[PDB]
file entry15.txt (compact mmCIF, C-alpha atoms and all ligand atoms)
# COMPACT_ATOMS: atom_id res chain seq x y z
CA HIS E 3 -7.03 -12.93 15.08
CA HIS E 4 -8.87 -14.23 12.07
CA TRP E 5 -9.54 -11.02 10.11
CA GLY E 6 -9.51 -11.26 6.35
CA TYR E 7 -11.44 -10.46 3.19
CA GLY E 8 -13.81 -13.43 3.09
CA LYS E 9 -17.47 -13.90 3.40
CA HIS E 10 -17.56 -13.69 7.27
CA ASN E 11 -14.35 -11.91 8.37
CA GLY E 12 -14.04 -9.00 5.94
CA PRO E 13 -13.65 -5.27 6.53
CA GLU E 14 -17.12 -4.70 7.88
CA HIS E 15 -16.27 -7.07 10.81
CA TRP E 16 -12.84 -5.68 11.75
CA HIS E 17 -14.23 -3.17 14.25
CA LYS E 18 -15.14 -5.95 16.73
CA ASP E 19 -11.49 -6.82 17.35
CA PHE E 20 -10.04 -3.45 16.32
CA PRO E 21 -12.41 -0.68 17.46
CA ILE E 22 -10.18 1.98 15.85
CA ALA E 23 -11.73 0.75 12.58
CA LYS E 24 -14.47 3.32 13.30
CA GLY E 25 -11.95 6.04 14.24
CA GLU E 26 -11.43 9.59 13.13
CA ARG E 27 -8.51 9.07 10.73
CA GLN E 28 -9.17 5.78 8.92
CA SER E 29 -7.88 4.82 5.48
CA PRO E 30 -8.43 4.43 2.63
CA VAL E 31 -10.65 7.33 1.54
CA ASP E 32 -12.22 8.56 -1.65
CA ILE E 33 -10.21 11.39 -3.20
CA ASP E 34 -12.65 13.98 -4.58
CA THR E 35 -10.64 15.90 -7.16
CA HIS E 36 -13.22 18.66 -7.02
CA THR E 37 -12.66 19.41 -3.35
CA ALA E 38 -8.97 18.55 -2.81
CA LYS E 39 -7.19 21.87 -2.77
CA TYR E 40 -3.77 22.73 -4.18
CA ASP E 41 -1.38 23.48 -1.32
CA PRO E 42 1.52 25.71 -2.44
CA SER E 43 3.30 24.93 0.87
CA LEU E 44 4.06 21.31 0.00
CA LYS E 45 7.79 21.07 -0.42
CA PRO E 46 9.16 19.00 -3.36
CA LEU E 47 8.78 15.28 -2.83
CA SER E 48 12.04 13.15 -2.81
CA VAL E 49 12.16 9.43 -3.52
CA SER E 50 15.74 8.16 -2.99
CA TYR E 51 15.82 4.47 -3.87
CA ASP E 52 19.25 4.18 -5.61
CA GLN E 53 20.71 2.22 -2.67
CA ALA E 54 17.66 0.09 -1.88
CA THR E 55 18.39 -3.46 -0.74
CA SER E 56 15.51 -5.85 -1.20
CA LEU E 57 15.88 -9.09 0.74
CA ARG E 58 12.87 -11.37 0.59
CA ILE E 59 9.24 -11.77 -0.55
CA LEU E 60 6.66 -13.19 1.87
CA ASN E 61 3.05 -14.37 1.44
CA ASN E 62 1.57 -13.31 4.81
CA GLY E 63 -1.94 -14.63 4.10
CA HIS E 64 -3.28 -11.14 3.35
CA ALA E 65 -0.95 -9.93 0.58
CA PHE E 66 2.72 -10.44 -0.25
CA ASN E 67 5.42 -8.14 1.07
CA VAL E 68 8.68 -7.36 -0.72
CA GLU E 69 10.94 -6.61 2.24
CA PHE E 70 13.96 -4.30 2.38
CA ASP E 71 17.00 -3.79 4.63
CA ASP E 72 15.88 -0.81 6.80
CA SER E 73 18.86 -0.80 9.19
CA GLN E 74 20.44 2.21 7.35
CA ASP E 75 19.13 5.13 5.18
CA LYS E 76 19.30 3.10 1.98
CA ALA E 77 15.88 3.79 0.47
CA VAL E 78 14.23 6.89 1.85
CA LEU E 79 11.28 9.15 1.28
CA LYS E 80 11.64 12.83 2.15
CA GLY E 81 10.02 16.12 1.20
CA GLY E 82 6.47 16.44 0.09
CA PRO E 83 4.34 16.92 3.20
CA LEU E 84 6.96 15.22 5.37
CA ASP E 85 9.33 16.45 8.04
CA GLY E 86 12.43 14.29 8.39
CA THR E 87 13.37 11.02 6.81
CA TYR E 88 11.32 7.88 6.26
CA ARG E 89 12.94 4.54 5.46
CA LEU E 90 11.45 1.95 3.13
CA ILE E 91 10.62 -1.29 4.96
CA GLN E 92 8.35 -3.13 2.49
CA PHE E 93 5.97 -2.79 -0.39
CA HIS E 94 2.83 -4.76 -1.16
CA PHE E 95 -0.31 -4.55 -3.28
CA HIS E 96 -4.07 -4.82 -2.99
CA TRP E 97 -6.00 -6.11 -5.99
CA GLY E 98 -9.33 -7.33 -7.25
CA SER E 99 -10.92 -10.42 -8.71
CA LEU E 100 -12.04 -8.24 -11.68
CA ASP E 101 -10.28 -5.37 -13.40
CA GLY E 102 -12.97 -2.93 -12.25
CA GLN E 103 -12.05 -3.21 -8.57
CA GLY E 104 -9.02 -3.73 -6.35
CA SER E 105 -7.78 -0.35 -5.22
CA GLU E 106 -8.25 0.91 -1.67
CA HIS E 107 -8.24 4.62 -2.37
CA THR E 108 -10.67 5.75 -5.04
CA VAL E 109 -10.59 8.89 -7.20
CA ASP E 110 -14.03 10.47 -7.66
CA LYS E 111 -15.35 7.01 -6.69
CA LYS E 112 -13.31 5.29 -9.45
CA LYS E 113 -11.78 1.99 -8.38
CA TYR E 114 -8.53 0.96 -10.02
CA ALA E 115 -7.55 -2.66 -10.66
CA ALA E 116 -4.95 -2.60 -7.87
CA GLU E 117 -2.95 -0.34 -5.59
CA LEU E 118 0.74 -0.48 -4.60
CA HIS E 119 1.79 0.63 -1.11
CA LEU E 120 5.46 1.50 -0.43
CA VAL E 121 5.68 1.64 3.37
CA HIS E 122 8.25 3.84 5.13
CA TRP E 123 8.87 4.60 8.82
CA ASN E 124 10.09 7.81 10.42
CA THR E 125 13.71 7.38 11.48
CA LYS E 127 13.21 9.64 14.52
CA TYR E 128 11.38 6.73 16.20
CA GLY E 129 14.18 4.20 15.74
CA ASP E 130 12.20 1.17 14.57
CA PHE E 131 8.94 0.34 12.82
CA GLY E 132 7.21 -0.97 15.90
CA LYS E 133 7.78 2.30 17.77
CA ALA E 134 6.90 4.36 14.69
CA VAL E 135 3.41 2.85 14.33
CA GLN E 136 2.59 4.18 17.82
CA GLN E 137 3.05 7.78 16.63
CA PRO E 138 0.72 9.95 14.53
CA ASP E 139 3.61 10.82 12.19
CA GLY E 140 5.26 7.41 12.32
CA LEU E 141 4.76 6.16 8.75
CA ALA E 142 4.67 7.58 5.24
CA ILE E 143 2.96 5.34 2.69
CA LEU E 144 3.33 6.08 -1.03
CA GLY E 145 0.26 4.75 -2.84
CA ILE E 146 0.27 4.11 -6.59
CA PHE E 147 -2.75 3.02 -8.63
CA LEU E 148 -2.56 0.19 -11.18
CA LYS E 149 -4.71 -0.03 -14.30
CA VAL E 150 -4.78 -2.93 -16.77
CA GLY E 151 -3.23 -2.10 -20.15
CA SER E 152 0.36 -2.43 -21.22
CA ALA E 153 2.73 -4.55 -19.14
CA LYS E 154 4.98 -2.96 -16.53
CA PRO E 155 8.40 -4.41 -17.23
CA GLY E 156 9.67 -3.48 -13.79
CA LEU E 157 6.95 -5.65 -12.18
CA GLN E 158 7.76 -8.85 -14.04
CA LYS E 159 10.41 -10.10 -11.61
CA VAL E 160 7.77 -9.90 -8.84
CA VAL E 161 5.22 -11.74 -11.01
CA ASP E 162 7.63 -14.51 -11.80
CA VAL E 163 8.46 -15.34 -8.15
CA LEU E 164 4.81 -15.64 -7.06
CA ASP E 165 4.63 -19.38 -7.87
CA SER E 166 7.22 -19.93 -5.17
CA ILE E 167 5.18 -18.15 -2.52
CA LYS E 168 1.72 -19.38 -3.48
CA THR E 169 0.45 -20.02 0.05
CA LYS E 170 0.40 -18.30 3.44
CA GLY E 171 3.72 -18.39 5.27
CA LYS E 172 5.95 -19.08 2.28
CA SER E 173 8.87 -16.78 1.58
CA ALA E 174 11.60 -16.63 -1.05
CA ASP E 175 14.87 -14.81 -1.43
CA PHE E 176 14.28 -11.66 -3.41
CA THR E 177 17.47 -9.60 -3.68
CA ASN E 178 18.44 -6.80 -6.03
CA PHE E 179 14.90 -5.69 -6.91
CA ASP E 180 14.65 -2.06 -7.92
CA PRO E 181 11.39 -0.40 -6.73
CA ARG E 182 12.04 2.55 -9.08
CA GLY E 183 10.67 0.30 -11.81
CA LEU E 184 7.21 0.56 -10.20
CA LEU E 185 6.91 4.35 -10.29
CA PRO E 186 4.91 6.36 -12.87
CA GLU E 187 6.52 9.30 -14.68
CA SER E 188 4.99 12.02 -12.52
CA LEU E 189 5.33 12.37 -8.76
CA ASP E 190 2.31 14.71 -8.48
CA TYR E 191 0.30 13.58 -5.45
CA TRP E 192 -2.51 14.00 -2.98
CA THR E 193 -1.82 13.80 0.75
CA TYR E 194 -3.86 13.42 3.93
CA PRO E 195 -3.44 11.94 7.43
CA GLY E 196 -4.75 8.41 7.95
CA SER E 197 -4.19 4.86 8.99
CA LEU E 198 -2.93 1.43 8.16
CA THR E 199 -5.54 -0.22 5.93
CA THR E 200 -5.17 -3.62 7.62
CA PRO E 201 -5.47 -4.49 11.31
CA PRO E 202 -4.29 -3.05 13.63
CA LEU E 203 -5.55 -0.03 11.62
CA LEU E 204 -3.32 2.37 13.58
CA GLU E 205 -3.68 6.08 12.83
CA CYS E 206 0.01 6.62 12.19
CA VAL E 207 0.24 7.35 8.44
CA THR E 208 0.93 10.36 6.26
CA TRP E 209 -0.60 9.12 2.99
CA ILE E 210 0.95 10.26 -0.28
CA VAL E 211 -1.15 8.98 -3.21
CA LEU E 212 0.25 9.57 -6.71
CA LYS E 213 -2.09 11.03 -9.29
CA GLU E 214 -0.68 9.06 -12.24
CA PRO E 215 -1.40 5.33 -12.30
CA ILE E 216 0.98 2.71 -13.66
CA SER E 217 -0.18 0.21 -16.29
CA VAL E 218 0.20 -3.56 -15.81
CA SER E 219 -0.89 -6.25 -18.25
CA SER E 220 -3.84 -8.55 -17.87
CA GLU E 221 -1.33 -11.45 -17.68
CA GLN E 222 0.51 -9.79 -14.79
CA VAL E 223 -2.69 -9.26 -12.74
CA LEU E 224 -3.89 -12.75 -13.57
CA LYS E 225 -0.75 -14.10 -11.86
CA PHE E 226 -1.51 -12.11 -8.73
CA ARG E 227 -4.93 -13.69 -8.73
CA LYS E 228 -3.36 -17.18 -8.58
CA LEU E 229 -1.94 -16.55 -5.12
CA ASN E 230 -3.69 -18.14 -2.13
CA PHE E 231 -4.87 -16.77 1.20
CA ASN E 232 -4.65 -20.27 2.68
CA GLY E 233 -1.66 -22.26 3.77
CA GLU E 234 -0.25 -25.25 1.93
CA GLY E 235 -2.41 -28.32 2.32
CA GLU E 236 -5.49 -26.30 3.12
CA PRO E 237 -8.54 -25.67 0.92
CA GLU E 238 -7.67 -23.27 -1.88
CA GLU E 239 -8.85 -19.70 -1.41
CA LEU E 240 -7.64 -17.38 -4.13
CA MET E 241 -5.97 -14.21 -2.85
CA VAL E 242 -8.25 -11.70 -4.57
CA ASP E 243 -10.24 -8.70 -3.36
CA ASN E 244 -7.76 -8.02 -0.55
CA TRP E 245 -8.80 -4.36 -0.33
CA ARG E 246 -10.55 -2.30 2.33
CA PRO E 247 -13.21 0.07 0.94
CA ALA E 248 -13.18 3.83 1.42
CA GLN E 249 -13.80 5.13 4.94
CA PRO E 250 -15.38 8.41 6.07
CA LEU E 251 -13.14 11.43 5.62
CA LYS E 252 -14.43 13.10 8.79
CA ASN E 253 -12.42 16.11 9.96
CA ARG E 254 -9.70 15.87 7.31
CA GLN E 255 -8.70 17.69 4.16
CA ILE E 256 -6.99 16.14 1.16
CA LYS E 257 -4.27 18.44 -0.24
CA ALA E 258 -2.92 18.37 -3.77
CA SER E 259 0.71 19.00 -4.73
CA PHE E 260 -0.33 20.20 -8.21
CA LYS E 261 -2.62 22.80 -9.73
ZN ZN E 301 -1.55 -1.71 1.83
call {"tool": "encode", "arguments": {"input": "entry15.txt", "output": "structure tokens"}}
result
Amino acid sequence: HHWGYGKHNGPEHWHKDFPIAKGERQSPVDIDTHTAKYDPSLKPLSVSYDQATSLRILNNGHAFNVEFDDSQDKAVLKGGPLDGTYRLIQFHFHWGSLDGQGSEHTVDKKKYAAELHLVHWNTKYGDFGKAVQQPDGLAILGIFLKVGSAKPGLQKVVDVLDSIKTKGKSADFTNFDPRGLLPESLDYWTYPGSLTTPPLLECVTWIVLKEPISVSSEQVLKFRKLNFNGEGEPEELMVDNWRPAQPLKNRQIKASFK
């Protein structure tokens, strides 16, 4: 596969190799705050990251992933809309070439500068690869980024990016605390959907936080210096690595807050 975000292999082409791209439960979506309904049945959401063990950061040619040890319940997501326990495996971002675009989800059609995805898999399925084959296999916590003040908790990520500039490079990345990427409020919207990159599997309970985090223009500018290409290949800046909103179809977006 040669999917990407370029001029000839971007999101509008993915359906040829991944027909589920035109499926019933695709992500991202636009969140219409005028039709999402408060759901008093959501249970409290629970982010337990005190024992998280980051290991490594990888440029995979599509984004970079900060990877965690997921062989024990060290960093888990529970509550909210979820049944059971979901273990953190990685986080990554999607971002724009311009501050006015970059997010995958939109809010009343507003695009944020970027979007953080903390990816968790349902421990009842034993491993990530089995989990993605199940409709309730993953829980992805999505957090919007706007450009303003710097996010101090992001700076250690920013400062390692020079070491993983190109596709296939990785670097040790231990002792990173993902709590430093959360906003104050855990109010959220939730709906059933998909991975936003191929294979686009419809295995995700999405939990999108209402409150964005702020990052500085200097922080996003360093993301925009990453490369989609490998070392030695023509330079292609890693920007605009977002899929646009997909049809909601027979889904409802539910709000945790009034
Ligand atoms: Zn993502």
call {"tool": "atom_distance", "arguments": {"input": "entry15.txt", "atom1": "CA of residue 6 in chain E", "atom2": "CA of residue 64 in chain E"}}
result
6.9 Å
call {"tool": "atom_distance", "arguments": {"input": "entry15.txt", "atom1": "CA of residue 241 in chain E", "atom2": "CA of residue 99 in chain E"}}
result
8.6 Å
call {"tool": "residues_around", "arguments": {"input": "entry15.txt", "residues": "range 75-80 of chain E", "least_positions_apart": "5", "cutoff": "8 Å", "atoms": "all atoms listed in the file", "output": "VMD selection string"}}
result
chain E and resid 47 to 55 85 to 90 122 142
call {"tool": "atom_distance", "arguments": {"input": "entry15.txt", "atom1": "CA of residue 114 in chain E", "atom2": "CA of residue 168 in chain E"}}
result
23.7 Å
call {"tool": "residues_around", "arguments": {"input": "entry15.txt", "residues": "range 200-204 of chain E", "least_positions_apart": "5", "cutoff": "7 Å", "atoms": "only C-alpha atoms", "output": "list in words"}}
result
residues 20, 22, 23 and 135 of chain E
call {"tool": "closest_atom_pairs", "arguments": {"input": "entry15.txt", "of": "chain E", "to": "ligand ZN 301 (chain E)", "cutoff": "9 Å", "atoms": "all atoms listed in the file", "output": "CSV"}}
result
residue,atom,partner,partner_atom,distance
E:65,CA,E:ZN301,ZN,8.3
E:93,CA,E:ZN301,ZN,7.9
E:94,CA,E:ZN301,ZN,6.1
E:95,CA,E:ZN301,ZN,6.0
E:96,CA,E:ZN301,ZN,6.3
E:106,CA,E:ZN301,ZN,8.0
E:117,CA,E:ZN301,ZN,7.7
E:118,CA,E:ZN301,ZN,6.9
E:119,CA,E:ZN301,ZN,5.0
E:120,CA,E:ZN301,ZN,8.0
E:121,CA,E:ZN301,ZN,8.1
E:143,CA,E:ZN301,ZN,8.4
E:145,CA,E:ZN301,ZN,8.2
E:198,CA,E:ZN301,ZN,7.2
E:199,CA,E:ZN301,ZN,5.9
E:200,CA,E:ZN301,ZN,7.1
E:245,CA,E:ZN301,ZN,8.0
call {"tool": "axis_aligned_box", "arguments": {"input": "entry15.txt", "around": "range 106-112 of chain E", "padding_each_side": "3 Å", "output": "JSON"}}
result
{"center_x": -11.8, "center_y": 5.7, "center_z": -5.6, "size_x": 13.1, "size_y": 15.6, "size_z": 13.8}
call {"tool": "closest_residue", "arguments": {"input": "entry15.txt", "among": "E:58, E:113, E:9, E:27", "to": "residue 254 in chain E", "atoms": "all atoms listed in the file"}}
result
E:27
call {"tool": "residues_around", "arguments": {"input": "entry15.txt", "residues": "residue 228 in chain E", "least_positions_apart": "3", "cutoff": "9 Å", "atoms": "only C-alpha atoms", "output": "mmCIF file with C-alpha atoms, in the coordinates of the input"}}
result
data_model
loop_
_atom_site.group_PDB
_atom_site.id
_atom_site.type_symbol
_atom_site.label_atom_id
_atom_site.label_comp_id
_atom_site.auth_asym_id
_atom_site.auth_seq_id
_atom_site.Cartn_x
_atom_site.Cartn_y
_atom_site.Cartn_z
ATOM 1 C CA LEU E 164 4.810 -15.640 -7.060
ATOM 2 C CA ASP E 165 4.630 -19.380 -7.870
ATOM 3 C CA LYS E 168 1.720 -19.380 -3.480
ATOM 4 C CA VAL E 223 -2.690 -9.260 -12.740
ATOM 5 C CA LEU E 224 -3.890 -12.750 -13.570
ATOM 6 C CA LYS E 225 -0.750 -14.100 -11.860
ATOM 7 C CA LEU E 240 -7.640 -17.380 -4.130
ATOM 8 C CA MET E 241 -5.970 -14.210 -2.850
ATOM 9 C CA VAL E 242 -8.250 -11.700 -4.570
#
call {"tool": "closest_residue", "arguments": {"input": "entry15.txt", "among": "E:146, E:91, E:167, E:157", "to": "residue 192 in chain E", "atoms": "all atoms listed in the file"}}
result
E:146
call {"tool": "residues_around", "arguments": {"input": "entry15.txt", "residues": "residue 173 in chain E", "least_positions_apart": "2", "cutoff": "10 Å", "atoms": "all atoms listed in the file", "output": "list in words"}}
result
residues 58, 59, 60, 61, 62, 66, 67, 68, 163, 164, 166, 167, 168, 169, 170, 171, 175 and 176 of chain E
call {"tool": "closest_residue", "arguments": {"input": "entry15.txt", "among": "E:226, E:260, E:40, E:97", "to": "residue 188 in chain E", "atoms": "only C-alpha atoms"}}
result
E:260
call {"tool": "closest_residue", "arguments": {"input": "entry15.txt", "among": "E:174, E:206, E:31, E:44", "to": "residue 110 in chain E", "atoms": "all atoms listed in the file"}}
result
E:31
call {"tool": "closest_residue", "arguments": {"input": "entry15.txt", "among": "E:112, E:127, E:45, E:257", "to": "residue 139 in chain E", "atoms": "all atoms listed in the file"}}
result
E:127
call {"tool": "closest_residue", "arguments": {"input": "entry15.txt", "among": "E:256, E:148, E:84, E:100", "to": "residue 46 in chain E", "atoms": "all atoms listed in the file"}}
result
E:84
